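S.K.: Curious how this folds, go ahead:
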Amino acid sequence: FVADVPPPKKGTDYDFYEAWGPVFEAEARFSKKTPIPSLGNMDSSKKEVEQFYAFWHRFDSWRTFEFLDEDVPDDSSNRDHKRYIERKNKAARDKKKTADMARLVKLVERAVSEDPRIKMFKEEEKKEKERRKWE
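M.R.: Numbering: from 1, shown residues only. Now the structure:
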């Protein structure tokens, strides 16, 4: 199957790439979209880093949450039974998918907040704006 890698433990010391690279690599195996950009390296360009986080901000997963599906009968004498349990199952899966999406949103937010390149990119932009003097 596809293995899961938890995020690095908040509040410990670690290299940003050593810690988060394996997390995104594992999460990305569930992508319905390719190509799949890499977290990258210390020298990735601002545009590459923007593209990486854009992919995640639009992530579309095929991860299934079908473990708690009720069995759907094909032979019920109640004609509505089959579609009813399909819809009840799907509602449960959808709730879990919604949670999974929310989980990923928070994971990505965390990574953005720790990305050392973004800190430098924001410093560079700040100096650009100051030079431009549009206020």
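S.K.: Name the nearest residue to the residue minimising distance to the centre of the chain, sequence neighbours excluded.
M.R.: Centroid check for the chain by Cα atoms, centre = their mean gives residue 104 as the closest residue, at 3.9 Å. Once flanking residues are discounted, residue 104 sits nearest to residue 59: 5.9 Å by Cβ to Cβ, 6 or more residues apart in numbering. C-beta here means a position set from N, CA and C on the backbone, and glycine is covered the same way.
S.K.: show me what contacts the one you found?
M.R.: Contacts for residue 59 (Cβ atoms under 8 Å, 6 or more residues apart in numbering) come out as 27, 31, 33, 101, 104, 108.
S.K.: who wins for most neighbours among these?
M.R.: Neighbour counts for those (other Cβ atoms under 10 Å) peak at residue 27, which has 21 neighbours.
S.K.: Angles on the backbone of residue 10, please.
M.R.: With angles defined as degrees, to the nearest 10, residue 10 sits at phi -50, psi 130.
S.K.: I'd like to know how many residues surround it.
M.R.: Residue 10 has 7 neighbours, counted by other Cβ under 10 Å.
S.K.: Perfect, I'm done here.
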